[PDB]
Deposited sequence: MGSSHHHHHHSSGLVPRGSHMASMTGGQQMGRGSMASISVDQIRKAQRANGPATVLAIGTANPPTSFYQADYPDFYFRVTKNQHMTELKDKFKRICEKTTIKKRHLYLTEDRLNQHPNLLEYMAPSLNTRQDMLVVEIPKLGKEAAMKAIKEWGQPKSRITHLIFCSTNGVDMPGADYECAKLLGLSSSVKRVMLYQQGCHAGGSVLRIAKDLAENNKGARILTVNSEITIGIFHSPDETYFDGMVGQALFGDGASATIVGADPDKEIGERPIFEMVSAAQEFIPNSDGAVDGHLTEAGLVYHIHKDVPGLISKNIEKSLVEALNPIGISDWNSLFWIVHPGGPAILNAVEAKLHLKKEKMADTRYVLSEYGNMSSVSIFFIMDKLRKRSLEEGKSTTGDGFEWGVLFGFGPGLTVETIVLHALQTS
C-alpha cells in the first residue's frame, strides 16, 4: 500500500511560480556617492588616493543605486564594524539574526498577498541566507513571524553564496512536484552586515565587495497543479534544474567565516571560467537569442563574458543589468528581482508570454565552487 500512497501523495504537473514578492532596506545609497559616504564613516577621508581608487571601482560596477541596512548611524554605534579586522562577529550576528528573518518576512508577505490563498495552505518553507547562522535558524523565525502552520516542512540554507537563488528554486521544484497540493514558500534574504569591512590595506576584495553587494530580500510561491478556479495564475513553469561546479576553481570565489566577519575572495578568472564553461550546461539543458534570460548579476564582467560567449544582443540582459543598476548584487536574491521584472514587464507590455514573448528561458546562478545553477523555464500566457 506504500506504492498506493506514493501516487496518492505526488503531484502531476511541473512546478510553477505562482507569485513573487521583493523587499529592500529603506535607505538607498547611490553608487556615485557611496565612496564619499564609505570613507567618511570609517574616518578615512584623508586617504584621497585610496578614495579615488574606490571611486573608480564603484564606477565600473555599472551600479547606480543600492539599498543597505548599515546606515551611517548603525556604524557610528558599533565602532568594531569600522575597525579593519577587529572582532565583530557577535555584533554582526546580533543584527543579522533579527533582521534576516524580518526582511524575509517583508518580502514573503508581498508574495503571499499576490498569491491570495490563505497562509494555512503553505506546506513548505525554503529560507536562504548567506549571513546570520543561528539555531534555530531564520527558517523557523520567519515561519514564526509569518504565522505559518507548525507543520511547515522547512529547509534552511546558510552560507551558500550567490548561486543559492537557483538552488532554492531547484529544491522547490522537487518539493512542489513530489507532493500533491504542496505550496512551497521560498525566502531569500541577503544583508551585507556579515561582509562589511573598512577601507583596504591589501583587502580590496572587500572594496570590490563593498561596491558590488547590496541588501534585499525575495520570496516566491512555487506549486504544481495550479488552480485557476480559485485564482492561481502560474508565472513560469520549471522544466529542469541542474547544478555543476567548475572543476578547477575551488579558490576562484571563496568565503571564510572568521571572528571579524565573513572574508570573501573574488579572483579575476571568474568571468573567464564562467564564459569558457557556460556553454556546457546550456547544450545539455538551440538559438540563444530565441530565449529569455535571467542571469545572476554577479558583476558586469561576468555579464559581458556570458553575453559575449553566447552571442546575445543587448536586449537579452536588459532585465538583469537593470537589477544590477538599481539594487546592486544582492547575492541569491538577485535572480528573483530579475524574474519579477521580466514577468511584470511582459504582463504590462501585453507580450504573448510571461517571458518577454518567448516560450523558453534559462536562469543562472553563480557562486562559490565555482558553482553554476541552470534552470530551464517555460513562459506562460498572459490571460
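Where C-alpha coordinates are absent, the deposited sequence of this PDB chain has the segments 1 to 38, 324 to 329.
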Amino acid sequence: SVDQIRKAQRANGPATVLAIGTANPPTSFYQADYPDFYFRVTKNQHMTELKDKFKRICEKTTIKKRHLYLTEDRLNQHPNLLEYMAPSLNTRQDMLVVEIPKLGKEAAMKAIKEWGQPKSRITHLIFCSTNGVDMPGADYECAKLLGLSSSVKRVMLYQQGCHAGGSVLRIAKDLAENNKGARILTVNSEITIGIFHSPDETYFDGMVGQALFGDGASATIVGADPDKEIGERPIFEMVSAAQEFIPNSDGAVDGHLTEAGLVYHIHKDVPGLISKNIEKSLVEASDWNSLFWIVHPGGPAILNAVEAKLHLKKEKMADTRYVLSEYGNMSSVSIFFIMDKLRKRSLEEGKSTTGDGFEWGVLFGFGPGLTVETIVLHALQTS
From here on, numbers count along this sequence of modelled residues.
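The stretch 223 to 231 shows the higher mean C-alpha B-factor when 293 to 301 is compared against 223 to 231 in the entry. Across the two stretches, 181 to 189 and 256 to 264, the PDB entry reports the greater mean Cα temperature factor for 256 to 264. Across the residues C128, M135, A176, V270, the deposited record lists the maximum Cα B factor for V270. Take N44, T354, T27, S331 and read off each C-alpha B-factor from the entry; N44 has the highest. Placement of the Cα temperature factor of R40 within the chain: highest third of the modelled residues, per the deposited record. Ranked by Cα temperature factor within the chain, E72 sits in the highest third according to the deposited record.
Per the PDB record, residue ranking by Cα B-factor puts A32 in the highest third of the chain.
Among the modelled residues of the chain, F213 sits in the middle third by CA temperature factor in this PDB entry. Sorting the modelled residues of the chain by their CA temperature factor places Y84 in the highest third.
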